[PDB]
Ligand SMILES: CCCCCCCCCCCCC/C=C/[C@@H](O)[C@@H](N)COP(=O)(O)O
């Protein structure tokens with residue numbers, strides 16, 4: 001029971017983690033208006049966070065292995081909660097202070113999101129650990145949707161964008177106390193692995209496909225609420241609320257759709273997983289293309305297109321994990337996962353928000369400023385993402401090309 005209590009507390013911690021991650025994304029319009037910065041700074045607010053998370057994830061993966069885990073995880077949670085609450089008090093004259101606070105929150109969330117799954121895995125046994133990790137990861141879309149809803153509801157209730165960053169820190173400290181109390185006390189080269197992995201074609205192409213998925217996910221999940229609000233302005237705070245509910249349902253249903261497609265395809269071929277990923281990505285790309293055309297005219301069609309595009313886009317998470325598990329022999333599933341996460345962050349979430357902001361800024365600078373042209377510039381900048389989704393689908397098909405050969409090679413090597 002105590003181990004189940006620890007798993008529940010860490011899952012609630014993950015919910016709070018993603019809520020903190022997307023609270024700013026919920027209320028980006030107010031930050032832009034108050035601080036006066038253009039779209040480039042708004043993109044920077046998440047590019048810096050993701051870069052810090054990128055750089056800090058391997059370090060905390062190493063420190064958890066070579067030091068205590070409960071203390072580090074709790075220090076991380078009282079670190080990012082305190083930093084979020086402090087950053088809520090930043091004056092208007094300072095913006096780089098807010099960006100730096102986003103970076104520090106990124107470091108803390110890196111520590112938590114890198115160490116907590118190891119604790120959850122160590123606590124339980126095979127089937128129990130599988131179920132508990134499934135819950136811990138189902139905490140993700142719920143966390144993101146609750147982050148959007150919390151941001152754009154504390155906005156409307158309190159009346160200041162500041163209070164959007166003030167409600168989550170208290171729960172952060174409380175969950176830190178519960179982690180530091182309820183969780184049972186924790187109990188216990190790369191060169192060759194990297195060369196073998198870069199020689200492994202299926203892993204390389206699946207990693208690039210995951211990078212494209214992360215690019216699309218970061219860029220859209222940040223800029224869609226603001227883009228929909230600009231759509232409402234041109235067409236003449238429910239946008240973020242409905243987007244949060246849509247994100248919750250799509251995160252919960254995309255894995256189910258992927259599992260169904262994998263089940264119905266595996267009876268007919270061995271490359272069911274990458275082919276299913278590729279078809280899902282192509283469908284998501286088409287519907288993400290249609291998001292902008294729909295939102296030009298009516299917003300209900302935009303919400304439906306978001307629903308379908310997220311459902312098809314979010315399906316390729318468990319399937320990507322399965323592909324990586326199959327192609328990579330057991331002795332390298334640690335280095336493979338670490339390098340895949342680093343590469344996905346490097347080519348996706350790290351650069352996508354700032355790149356979309358920069359392209360939007362250039363397009364807007366071309367023409368005289370107006371709300372209609374703000375709409376058009378943001379739409380054209382976000383139009384880059386469907387092309388990235390199509391490219392990722394191409395990379396998934398390239399993975400499918402070598403999937404059989406590399407699965408056979410992995411089985412041959414492990415059977416030795
Ligand atoms: C229009 C696009 C907007 C993008 C929305 C931004 C919010 C990002 C939310 C990220 C959703 C990722 C969903 C991942 C699910 C899996 O990791 C687990 N639920 C299942 O893994 P398992 O248990 O099977 O191992």
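Residue positions begin at 1 at the first shown residue.
For all residues, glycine too, the Cβ spot is worked out from N, Cα and C.
Within the same chain, residues 123-124, 132, 182, 184 sit at least 6 positions outside the expression tag (1-4) and bring their C-beta atoms closer than 8 Å to a C-beta of that stretch. Taken from the PDB entry, the feature expression tag applies to 1-4.
Residues or ranges marked as transmembrane segment in Swiss-Prot (evidence: sequence analysis): 43-63 (among others).
As annotated by Swiss-Prot, transmembrane segment applies to 71-91 (among others), with the evidence given as sequence analysis.
Among the features that Swiss-Prot reports, transmembrane segment is placed at 104-124 (among others).
Annotated transmembrane segment per Swiss-Prot: 131-151 (among others), in sequence order. Below 8 angstroms of C-beta separation, residues 4, 7, 10-12, 14-27, 116-117, 120-121, 123-124, 164, 167-168, 221, 225, 240-241, 243-248, 250-252, 314 of the same chain, each at least six residues beyond the ends of the transmembrane segment (131-151), sit close to that stretch.
Sequence-distant neighbours of the transmembrane segment (163-183) (same chain, 6+ residues past either end, Cβ-Cβ under 8 Å): 2, 5-6, 9-10, 12-13, 16, 19-20, 23-24, 26-27, 30, 70, 73-74, 77-78, 80-82, 84-85, 87-88, 119, 150-152, 154-155, 157. Annotation comment: Swiss-Prot describes 163-183 (among others) as transmembrane segment, evidence class sequence analysis.
What Swiss-Prot lists as transmembrane segment is 208-228 (among others), and the listing cites sequence analysis.
Long-range neighbours of the transmembrane segment (241-261) within the same chain, counting only residues 6 or more positions beyond its ends whose Cβ lies under 8 Å from a Cβ of the stretch, are 26, 138, 140-142, 144-149, 152-153, 221, 224-225, 228, 272, 276, 279-280, 303, 306-307, 310-319. Residues or ranges marked as transmembrane segment by Swiss-Prot on the basis of sequence analysis: 241-261 (among others).
The transmembrane segment annotation in Swiss-Prot covers 275-295 (among others).
Among the features that Swiss-Prot reports, transmembrane segment is placed at 299-319 (among others), with the record citing sequence analysis. Sequence-distant contacts of the transmembrane segment (299-319), counting only residues of its own chain at least 6 positions beyond either end whose CB sits under 8 Å from a CB of the stretch, comprise 141, 209, 213, 216-217, 224, 228, 231-232, 235, 239, 242-243, 246-247, 249-251, 253-255, 257-259, 261-262, 273-274, 276-277, 280-281, 283-284, 287-288, 290-291, 389, 396.
Annotation source Swiss-Prot lists transmembrane segment at 343-363 (among others), citing sequence analysis. Within its own chain, the transmembrane segment (343-363) is flanked in space by residues 38-47, 50-51, 53-54, 57, 207-208, 210-219, 222-223, 376-378, 380-382, 384-385, which lie at least six positions past its ends and keep a Cβ under 8 Å from the stretch.
The transmembrane segment annotation in Swiss-Prot covers 384-404 (among others).
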Look at the break of 14 unmodelled residues running from residue 188 to residue 189 and give the Cα-Cα distance across it in Å, whole number.
21
Distal contacts, the transmembrane segment (104-124) - CB-CB under 8 A, six or more residues away:
3, 6-7, 10, 13-14, 17, 20-21, 48-54, 56-57, 59-61, 64, 69-70, 72-73, 75-77, 79-80, 83-84, 87, 132-133, 136, 183-184, 186-187
Ranked first among 43-63, 71-91, 275-295, 384-404 for CB pairs under 8 angstroms with the transmembrane segment (208-228):
384-404
